[PDB]
Structures are given as C-alpha cells and as structure tokens.
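Coordinates from query-v2.txt are shown below (compact mmCIF, C-alpha atoms and all ligand atoms).
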# COMPACT_ATOMS: atom_id res chain seq x y z
CA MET A 1 101.13 69.32 75.28
CA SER A 2 104.78 69.90 76.08
CA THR A 3 105.39 73.57 75.74
CA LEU A 4 107.86 75.51 73.67
CA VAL A 5 109.20 78.12 76.09
CA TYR A 6 111.68 80.88 74.97
CA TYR A 7 113.87 81.56 78.05
CA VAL A 8 116.16 84.53 77.38
CA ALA A 9 117.82 87.56 79.03
CA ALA A 10 117.20 90.88 77.20
CA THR A 11 118.07 94.63 77.32
CA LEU A 12 115.47 97.32 77.63
CA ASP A 13 116.06 97.94 73.95
CA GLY A 14 114.96 94.32 73.36
CA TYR A 15 118.40 92.89 72.39
CA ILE A 16 119.67 89.44 73.53
CA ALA A 17 123.28 90.32 72.43
CA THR A 18 125.39 93.22 71.18
CA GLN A 19 126.02 93.60 67.47
CA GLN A 20 129.33 91.73 67.85
CA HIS A 21 127.35 88.99 69.76
CA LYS A 22 128.87 89.87 73.16
CA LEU A 23 127.15 89.65 76.45
CA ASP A 24 129.04 91.82 78.89
CA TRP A 25 125.99 93.82 79.69
CA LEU A 26 124.59 90.73 81.41
CA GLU A 27 127.67 88.84 82.74
CA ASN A 28 128.88 92.20 84.15
CA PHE A 29 125.59 92.93 86.05
CA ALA A 30 124.85 91.08 89.33
CA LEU A 31 121.25 89.70 89.20
CA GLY A 32 120.69 89.19 92.98
CA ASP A 33 119.47 86.35 95.14
CA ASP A 34 115.91 87.33 94.66
CA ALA A 35 116.07 86.11 91.04
CA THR A 36 114.16 82.92 89.97
CA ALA A 37 116.92 80.23 90.16
CA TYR A 38 118.12 78.61 86.89
CA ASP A 39 117.76 74.97 88.18
CA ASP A 40 114.09 75.60 89.14
CA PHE A 41 113.47 76.44 85.37
CA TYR A 42 115.87 73.84 83.82
CA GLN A 43 114.25 71.04 85.91
CA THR A 44 111.04 71.68 83.75
CA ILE A 45 113.09 71.01 80.51
CA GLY A 46 113.82 67.73 78.72
CA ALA A 47 114.77 69.22 75.33
CA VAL A 48 116.81 72.28 74.21
CA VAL A 49 116.55 73.70 70.63
CA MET A 50 118.64 76.45 69.05
CA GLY A 51 120.22 78.02 66.09
CA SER A 52 123.57 77.66 64.36
CA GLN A 53 124.75 81.08 65.76
CA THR A 54 123.88 80.43 69.47
CA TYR A 55 125.54 76.93 69.23
CA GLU A 56 128.87 78.16 67.70
CA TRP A 57 128.84 80.71 70.58
CA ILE A 58 128.58 78.00 73.28
CA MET A 59 131.24 75.79 71.53
CA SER A 60 133.72 78.73 70.86
CA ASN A 61 133.07 80.21 74.41
CA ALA A 62 132.68 76.95 76.37
CA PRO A 63 134.36 74.20 74.33
CA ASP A 64 134.97 71.57 76.98
CA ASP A 65 131.71 72.11 78.85
CA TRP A 66 128.43 71.61 77.03
CA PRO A 67 125.72 73.10 79.16
CA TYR A 68 122.91 70.72 78.23
CA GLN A 69 124.36 67.17 78.71
CA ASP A 70 121.28 66.03 80.77
CA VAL A 71 118.94 66.58 77.75
CA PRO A 72 118.77 66.04 73.96
CA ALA A 73 119.89 69.13 71.93
CA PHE A 74 118.54 70.30 68.52
CA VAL A 75 120.85 72.71 66.55
CA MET A 76 119.12 74.36 63.54
CA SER A 77 121.27 75.07 60.43
CA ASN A 78 121.12 74.54 56.73
CA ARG A 79 124.84 73.81 56.78
CA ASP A 80 126.74 70.50 57.19
CA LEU A 81 127.76 70.97 60.85
CA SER A 82 128.93 68.15 63.14
CA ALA A 83 129.38 68.17 66.95
CA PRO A 84 131.74 66.24 69.24
CA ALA A 85 130.82 62.54 68.72
CA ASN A 86 130.15 62.12 72.48
CA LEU A 87 127.57 65.05 72.67
CA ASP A 88 123.72 64.54 72.17
CA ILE A 89 122.91 66.84 69.31
CA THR A 90 120.81 66.54 66.18
CA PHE A 91 120.93 68.97 63.29
CA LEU A 92 117.58 69.73 61.57
CA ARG A 93 116.34 72.31 59.00
CA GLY A 94 113.33 73.57 57.08
CA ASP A 95 109.93 73.95 58.55
CA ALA A 96 109.47 74.37 62.29
CA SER A 97 106.28 72.42 62.95
CA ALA A 98 108.24 69.23 62.03
CA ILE A 99 111.24 70.33 64.20
CA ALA A 100 108.85 71.32 67.05
CA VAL A 101 107.04 67.88 67.09
CA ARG A 102 110.43 66.06 67.00
CA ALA A 103 111.66 68.35 69.85
CA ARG A 104 108.50 67.85 71.94
CA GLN A 105 108.72 64.13 71.86
CA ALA A 106 112.35 64.04 72.91
CA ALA A 107 111.32 66.24 75.83
CA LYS A 108 109.24 63.17 76.94
CA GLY A 109 106.35 65.43 78.17
CA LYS A 110 108.68 67.98 79.85
CA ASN A 111 109.06 71.36 78.00
CA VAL A 112 111.21 72.21 74.90
CA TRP A 113 113.55 75.16 75.84
CA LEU A 114 114.19 77.43 72.80
CA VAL A 115 117.61 78.70 74.04
CA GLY A 116 117.67 81.07 71.04
CA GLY A 117 118.63 83.10 69.38
CA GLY A 118 116.28 85.72 67.94
CA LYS A 119 116.38 84.56 64.39
CA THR A 120 115.43 81.15 65.48
CA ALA A 121 112.79 82.11 68.01
CA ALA A 122 111.32 84.38 65.29
CA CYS A 123 111.24 81.31 62.97
CA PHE A 124 109.07 79.32 65.49
CA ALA A 125 106.76 82.32 66.28
CA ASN A 126 106.38 82.94 62.47
CA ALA A 127 105.04 79.29 62.33
CA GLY A 128 102.67 79.81 65.40
CA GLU A 129 104.70 77.00 67.11
CA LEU A 130 106.22 79.19 69.93
CA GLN A 131 103.95 79.02 73.02
CA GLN A 132 105.37 81.08 76.00
CA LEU A 133 108.34 83.55 76.68
CA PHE A 134 110.53 84.03 79.81
CA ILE A 135 112.53 87.33 79.54
CA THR A 136 114.90 88.45 82.28
CA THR A 137 115.46 92.15 81.53
CA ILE A 138 118.68 94.05 82.41
CA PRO A 139 118.47 97.81 83.32
CA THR A 140 120.43 99.03 80.23
CA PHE A 141 120.11 99.99 76.54
CA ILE A 142 122.87 98.94 74.18
CA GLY A 143 121.25 100.64 71.21
CA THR A 144 121.84 98.03 68.63
CA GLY A 145 122.01 94.31 68.65
CA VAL A 146 120.56 90.86 68.04
CA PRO A 147 116.77 91.29 67.85
CA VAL A 148 115.13 89.15 70.61
CA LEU A 149 112.17 88.06 68.36
CA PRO A 150 112.27 89.36 64.86
CA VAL A 151 108.81 88.28 63.81
CA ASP A 152 107.42 89.03 60.40
CA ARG A 153 104.21 90.40 61.84
CA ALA A 154 103.13 91.57 65.37
CA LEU A 155 102.83 88.78 68.00
CA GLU A 156 100.10 89.37 70.67
CA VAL A 157 101.18 87.98 74.12
CA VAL A 158 99.44 87.84 77.57
CA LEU A 159 101.39 88.75 80.68
CA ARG A 160 101.16 85.90 83.15
CA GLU A 161 103.87 86.52 85.79
CA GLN A 162 106.05 89.56 86.46
CA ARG A 163 108.72 90.09 89.18
CA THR A 164 111.00 93.18 89.76
CA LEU A 165 114.33 92.51 91.50
CA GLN A 166 116.21 94.59 94.02
CA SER A 167 118.92 94.88 91.40
CA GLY A 168 116.69 96.75 88.85
CA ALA A 169 116.65 93.51 86.77
CA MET A 170 113.15 92.26 85.77
CA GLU A 171 111.52 88.88 84.89
CA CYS A 172 108.18 88.19 83.20
CA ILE A 173 106.39 85.23 81.64
CA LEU A 174 104.23 85.85 78.56
CA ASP A 175 101.88 83.60 76.67
CA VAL A 176 101.29 83.65 72.91
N1 LIG A 201 120.09 84.68 76.87
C1 LIG A 201 120.54 85.33 75.83
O1 LIG A 201 120.61 86.50 75.83
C2 LIG A 201 120.97 84.65 74.59
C3 LIG A 201 121.73 85.34 73.67
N2 LIG A 201 122.14 84.76 72.56
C4 LIG A 201 122.91 85.46 71.57
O2 LIG A 201 122.24 85.25 70.36
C5 LIG A 201 123.15 85.09 69.32
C6 LIG A 201 122.57 84.34 68.15
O3 LIG A 201 121.29 84.78 67.85
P1 LIG A 201 120.84 84.91 66.37
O4 LIG A 201 122.01 85.28 65.62
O5 LIG A 201 119.78 85.88 66.33
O6 LIG A 201 120.20 83.57 65.78
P2 LIG A 201 120.35 82.01 66.04
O7 LIG A 201 121.17 81.73 67.18
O8 LIG A 201 119.05 81.38 65.97
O9 LIG A 201 121.08 81.51 64.77
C7 LIG A 201 120.63 81.80 63.46
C8 LIG A 201 120.86 80.69 62.44
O10 LIG A 201 120.00 79.60 62.67
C9 LIG A 201 119.88 78.83 61.51
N3 LIG A 201 118.45 78.51 61.40
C10 LIG A 201 117.49 79.10 62.07
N4 LIG A 201 116.30 78.61 61.75
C11 LIG A 201 116.48 77.64 60.86
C12 LIG A 201 115.65 76.70 60.11
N5 LIG A 201 114.33 76.60 60.19
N6 LIG A 201 116.25 75.89 59.28
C13 LIG A 201 117.54 75.90 59.12
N7 LIG A 201 118.35 76.71 59.77
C14 LIG A 201 117.90 77.59 60.64
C15 LIG A 201 120.51 79.62 60.40
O11 LIG A 201 121.85 79.11 60.30
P3 LIG A 201 122.63 78.42 59.08
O12 LIG A 201 123.67 79.30 58.58
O13 LIG A 201 123.39 77.36 59.70
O14 LIG A 201 121.57 78.09 58.13
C16 LIG A 201 120.51 80.99 61.02
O15 LIG A 201 121.50 81.84 60.50
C17 LIG A 201 124.23 84.32 69.97
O16 LIG A 201 125.38 84.56 69.20
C18 LIG A 201 124.26 84.90 71.33
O17 LIG A 201 125.09 86.03 71.34
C19 LIG A 201 121.80 83.53 72.31
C20 LIG A 201 121.06 82.76 73.15
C21 LIG A 201 120.55 83.25 74.38

Go through the file and emit its structure as structure tokens.
Amino acid sequence: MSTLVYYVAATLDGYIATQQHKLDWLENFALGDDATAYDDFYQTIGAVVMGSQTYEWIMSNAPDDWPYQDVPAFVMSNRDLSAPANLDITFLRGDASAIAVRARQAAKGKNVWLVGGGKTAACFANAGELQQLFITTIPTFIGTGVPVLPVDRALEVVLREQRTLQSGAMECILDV
C-alpha cells in the first residue's frame, strides 16, 4: 500500500558512487532549476531505509546534521552499530519482507524511501519487495563504481515518467 521507492542519482555507467565511494561527479555538476525539487519528493516520504555503508557515509560526511530528522530511519547491518541517542534510527537485519513491512508501517501510509545503496536496494529487489525507482542521471561515465542495483537476476521495469534537463542531466521513474 505504501510504496518502496528507490530514489538515487546515477552515472550513465549505472554507478551511484565511485569505487572509493566519492560523489564529486554529482556535487560538482549543476543540475538546473528545471529539476524536480527534492522537497516535492521528500514530502511523499514518512520512512527512510538504508544500508550500513550509506549510513557511515552520512555520519562521517555530515556528523552534526542528520538529513532525515522528520522521519523514522532504518539502518541495515549485521553488525552491532549504535547511533547518537537523540537520533531516530533502528537497526534491523535478515530478510527484507519483515524489514519492508516494519518500514511501511512507520511510514504511516506515506512511502518508504530506500536511500540506498546498491547492495541494499539489490537485497529488496532480490526479495520482490522493491516497487518503483527514481534515477536522476548525470551526463558522465566513471567506469567503475558502486553498482546501482546489483540484482541476482534481471529485473523487468516499466518506464512511467521521463524528463531531460537543460543541463544534460536526466530523471525517470520506473515501476517493477
Ligand atoms: N544518490 C546516490 O548516489 C547515493 C549513493 N550512495 C553511495 O552508496 C554507497 C554505499 O552503497 P553500497 O555500498 O552499495 O551498499 P549499502 O549502502 O546498502 O551498504 C551495504 C551494507 O548493508 C548491510 N546490509 C544490507 N542488507 C542487509 C540485510 N538484509 N541484513 C543485514 N545487513 C544488510 C551490510 O552491512 P553490514 O556490514 O553492516 O552487515 C552491507 O555491507 C555509499 O557509500 C554512497 O557512496 C549511497 C546512497 C545514495
């Protein structure tokens, strides 16, 4: 009922990060005003969900500014991680149907935003639990990197919306 949406910025080579998990390619390229505005998307979200890698990247890179304080956060790991005792975060593991249902509830009928990364998104997809994708594409190939959706087997999707920006950047919504 509440949808698992994977909202993610990707290279033409289908990488969400460079091999050393950097993101210059994106932060160094101006998107343009014509781009669907972040708040318009976030407003449709009452739950974020992610992996151990993406989390450590927000904490190391933005320590005193969590970006999802509005909403409950799920960080996937099989480790013994803790977060700042003020922040709204719950560490889960194992199967993804169970995680999904937990995540959907906490969304309170708004959508669950799979922030990433690939490994994690792949995990949900592998379980048929991932529903739609929102890829902003940057006009560049980095050659090697963090796979956007490393599924075990081929995932058929259905283009639903597609914009091209004046910047050469590109946005598209796809349904599983
Ligand atoms: N817009 C964008 O382009 C975005 C880019 N990124 C980039 O992506 C990078 C990380 O992506 P990526 O490395 O592919 O993967 P993830 O961020 O998903 O992290 C992977 C880790 O998630 C844990 N995990 C995943 N699924 C499960 C499960 N079912 N049960 C238990 N643990 C689980 C494991 O950690 P453990 O060791 O703890 O078991 C696994 O190693 C970030 O570093 C960032 O650079 C990230 C988000 C958005």

May I have a table of the residues of chain A lying at most 7 Å from ligand LIG 201 (chain A), giving each one's closest pair of atoms and their distance in Å to one decimal, counting all atoms listed in the file, ordered by chain and ascending residue number, as a Markdown table?
| residue | atom | partner | partner_atom | distance |
| --- | --- | --- | --- | --- |
| A:8 | CA | A:LIG201 | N1 | 4.0 |
| A:9 | CA | A:LIG201 | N1 | 4.3 |
| A:10 | CA | A:LIG201 | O1 | 5.7 |
| A:16 | CA | A:LIG201 | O1 | 3.8 |
| A:17 | CA | A:LIG201 | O17 | 4.8 |
| A:21 | CA | A:LIG201 | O17 | 4.0 |
| A:22 | CA | A:LIG201 | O17 | 5.7 |
| A:23 | CA | A:LIG201 | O17 | 6.6 |
| A:50 | CA | A:LIG201 | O8 | 5.8 |
| A:51 | CA | A:LIG201 | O8 | 3.6 |
| A:52 | CA | A:LIG201 | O10 | 4.4 |
| A:53 | CA | A:LIG201 | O9 | 3.8 |
| A:54 | CA | A:LIG201 | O7 | 3.8 |
| A:55 | CA | A:LIG201 | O7 | 6.8 |
| A:57 | CA | A:LIG201 | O16 | 5.4 |
| A:76 | CA | A:LIG201 | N7 | 4.5 |
| A:77 | CA | A:LIG201 | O13 | 3.2 |
| A:78 | CA | A:LIG201 | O14 | 3.8 |
| A:79 | CA | A:LIG201 | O13 | 4.8 |
| A:92 | CA | A:LIG201 | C13 | 6.6 |
| A:93 | CA | A:LIG201 | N6 | 3.6 |
| A:94 | CA | A:LIG201 | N6 | 4.3 |
| A:95 | CA | A:LIG201 | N5 | 5.4 |
| A:96 | CA | A:LIG201 | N5 | 5.7 |
| A:115 | CA | A:LIG201 | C20 | 5.4 |
| A:116 | CA | A:LIG201 | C20 | 4.3 |
| A:117 | CA | A:LIG201 | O3 | 3.5 |
| A:118 | CA | A:LIG201 | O5 | 3.9 |
| A:119 | CA | A:LIG201 | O5 | 4.1 |
| A:120 | CA | A:LIG201 | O8 | 3.7 |
| A:121 | CA | A:LIG201 | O8 | 6.6 |
| A:123 | CA | A:LIG201 | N4 | 5.9 |
| A:146 | CA | A:LIG201 | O5 | 5.3 |
| A:147 | CA | A:LIG201 | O5 | 6.4 |

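Taking atom CA of residue A:175 and atom CA of residue A:138 as endpoints, the distance between them is 20.6 Å.
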
* Structure fact -> Across A:135, A:38, A:141, A:64, the smallest distance to residue A:5, with only C-alpha atoms counted, is shown by A:135

* To do: For atom CA of residue A:134 and atom CA of residue A:18, quote the distance in Å rounded to one decimal.
  =>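 Atom CA of residue A:18 lies 19.5 Å from atom CA of residue A:134.
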
With a cut-off of 9 Å, could you pull out the residues of stretch 52-153 of chain A touching stretch 39-48 of chain A and give me the nearest pair of atoms for each, distance in Å to one decimal, using all atoms listed in the file, ordered by chain and ascending number, as a tab-separated table?
residue	atom	partner	partner_atom	distance
A:68	CA	A:48	CA	7.5
A:70	CA	A:46	CA	7.9
A:71	CA	A:46	CA	5.3
A:72	CA	A:47	CA	5.3
A:73	CA	A:48	CA	5.0
A:74	CA	A:48	CA	6.3
A:75	CA	A:48	CA	8.7
A:103	CA	A:47	CA	6.4
A:104	CA	A:47	CA	7.3
A:105	CA	A:47	CA	8.6
A:106	CA	A:47	CA	6.2
A:107	CA	A:46	CA	4.1
A:108	CA	A:46	CA	6.7
A:109	CA	A:46	CA	7.8
A:110	CA	A:46	CA	5.3
A:111	CA	A:45	CA	4.8
A:112	CA	A:47	CA	4.7
A:113	CA	A:48	CA	4.6
A:114	CA	A:48	CA	5.9
A:115	CA	A:48	CA	6.5

* Asked: Which residue gives the smallest distance to residue A:91 among A:130, A:122, A:148, A:49, with only C-alpha atoms counted?
  ->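 When distances to residue A:91 are compared using only C-alpha atoms, the smallest one comes from A:49.
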
* Asked: So what do you get for atom CA of residue A:132 versus atom CA of residue A:174, distance-wise?
  ->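 About the pair atom CA of residue A:132 and atom CA of residue A:174: they are 5.5 Å apart.
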
* Fewer than 3 positions away in the same chain doesn't count, so skip those; otherwise give me all residues within 9 Å of residue A:97, counting only C-alpha atoms, as a ChimeraX atom specification. => /A:100-102,124,127-129

To test the calculation: enclose all listed atoms of stretch 19-26 of chain A in a box whose edges run along x, y and z, add 3 Å on each side, then state centre and edge lengths in Å to one decimal, as lines of an AutoDock Vina configuration file.
center_x = 127.0
center_y = 91.4
center_z = 74.4
size_x = 10.7
size_y = 10.8
size_z = 19.9
